[PDB]
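Working notes, structure below.
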Amino acid sequence: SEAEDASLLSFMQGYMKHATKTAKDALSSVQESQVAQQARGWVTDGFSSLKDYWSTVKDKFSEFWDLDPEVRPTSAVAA
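Just so it is clear: in the sequence shown, position 49 is 49 by the authors' numbering, and no numbers are missing.
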(Lines of atoms letter the chains of each structure in order from A and count residues from 1; the text may use other names and numbers.)
(Lines give C-alpha, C1' and ligand atoms only; values in the text may rest on other atoms or scores of the structure.)
Protein backbone atom coordinates (compact mmCIF):
# COMPACT_ATOMS: atom_id res chain seq x y z
CA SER A 1 0.00 0.00 0.00
CA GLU A 2 1.39 3.38 -1.04
CA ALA A 3 0.15 6.76 -2.26
CA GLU A 4 0.21 6.45 -6.02
CA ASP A 5 -0.01 10.24 -6.11
CA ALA A 6 3.63 10.50 -5.11
CA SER A 7 5.62 11.14 -8.24
CA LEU A 8 8.86 9.43 -9.21
CA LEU A 9 10.35 11.87 -6.70
CA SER A 10 9.32 9.49 -3.92
CA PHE A 11 12.07 6.91 -4.14
CA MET A 12 14.62 9.73 -4.31
CA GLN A 13 13.19 12.08 -1.66
CA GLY A 14 13.34 9.20 0.83
CA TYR A 15 16.64 7.90 -0.56
CA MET A 16 18.64 10.88 0.53
CA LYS A 17 16.56 10.73 3.68
CA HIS A 18 17.63 7.13 4.36
CA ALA A 19 21.13 7.21 2.83
CA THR A 20 21.83 10.04 5.21
CA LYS A 21 21.76 7.33 7.87
CA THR A 22 24.92 5.72 6.49
CA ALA A 23 26.67 8.94 7.53
CA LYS A 24 27.42 7.48 10.98
CA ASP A 25 28.90 4.16 9.89
CA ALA A 26 30.56 6.08 7.09
CA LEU A 27 31.69 8.78 9.54
CA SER A 28 33.41 6.27 11.77
CA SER A 29 35.11 5.17 8.57
CA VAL A 30 36.85 8.58 8.58
CA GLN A 31 40.02 6.53 9.28
CA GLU A 32 41.10 8.11 6.02
CA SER A 33 41.74 11.17 8.19
CA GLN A 34 45.25 9.80 8.47
CA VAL A 35 45.75 11.92 5.33
CA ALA A 36 47.59 14.18 7.81
CA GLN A 37 50.97 12.69 6.92
CA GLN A 38 50.00 13.57 3.33
CA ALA A 39 49.25 17.18 4.23
CA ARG A 40 52.40 17.18 6.35
CA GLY A 41 53.82 15.92 3.08
CA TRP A 42 53.22 19.00 0.91
CA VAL A 43 55.54 20.71 3.40
CA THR A 44 58.59 19.06 1.86
CA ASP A 45 57.38 20.07 -1.57
CA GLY A 46 57.44 23.64 -0.25
CA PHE A 47 53.67 23.99 0.24
CA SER A 48 54.57 27.63 0.87
CA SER A 49 54.00 28.07 -2.85
CA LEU A 50 50.41 28.55 -1.71
CA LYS A 51 51.34 31.72 0.22
CA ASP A 52 52.57 33.84 -2.69
CA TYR A 53 49.66 32.62 -4.80
CA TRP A 54 47.27 32.91 -1.84
CA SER A 55 48.61 36.25 -0.62
CA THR A 56 48.06 37.47 -4.16
CA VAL A 57 44.65 36.07 -5.18
CA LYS A 58 43.13 36.73 -1.76
CA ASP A 59 44.55 40.25 -1.65
CA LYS A 60 43.86 40.75 -5.35
CA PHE A 61 40.33 39.67 -4.58
CA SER A 62 39.81 43.31 -3.63
CA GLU A 63 40.84 44.76 -6.99
CA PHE A 64 39.63 41.77 -9.00
CA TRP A 65 36.21 43.27 -8.36
CA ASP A 66 36.67 46.43 -10.45
CA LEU A 67 37.61 45.54 -14.01
CA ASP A 68 38.82 47.84 -16.78
CA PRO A 69 36.75 51.02 -17.48
CA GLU A 70 34.55 48.56 -19.37
CA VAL A 71 33.06 45.63 -17.47
CA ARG A 72 31.65 43.42 -20.25
CA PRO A 73 31.50 39.60 -20.69
CA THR A 74 32.80 40.09 -24.25
CA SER A 75 35.90 42.23 -24.00
CA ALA A 76 36.75 40.62 -20.67
CA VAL A 77 36.91 37.07 -22.03
CA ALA A 78 38.24 38.22 -25.41
CA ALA A 79 40.61 40.37 -23.35
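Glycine is no exception: its CB is placed at the ideal position from the N, C-alpha and C atoms.
State the CB to CB distance for the pair residue i and residue j, rounded to an integer number of angstroms; the pair is presumed to be in contact (CB under 8 Å).
| i | j | result |
| --- | --- | --- |
| residue 76 | residue 67 | 6 Å |
In the structure shown, what three-state DSSP assignment does residue i receive?
| i | result |
| --- | --- |
| residue 46 | coil |
| residue 64 | helix |
Considering residue i, what are the terminal residues of the alpha helix (DSSP H) in which it resides?
| i | result |
| --- | --- |
| residue 13 | 9 to 19 |
| residue 25 | 23 to 28 |
| residue 73 | 73 to 78 |
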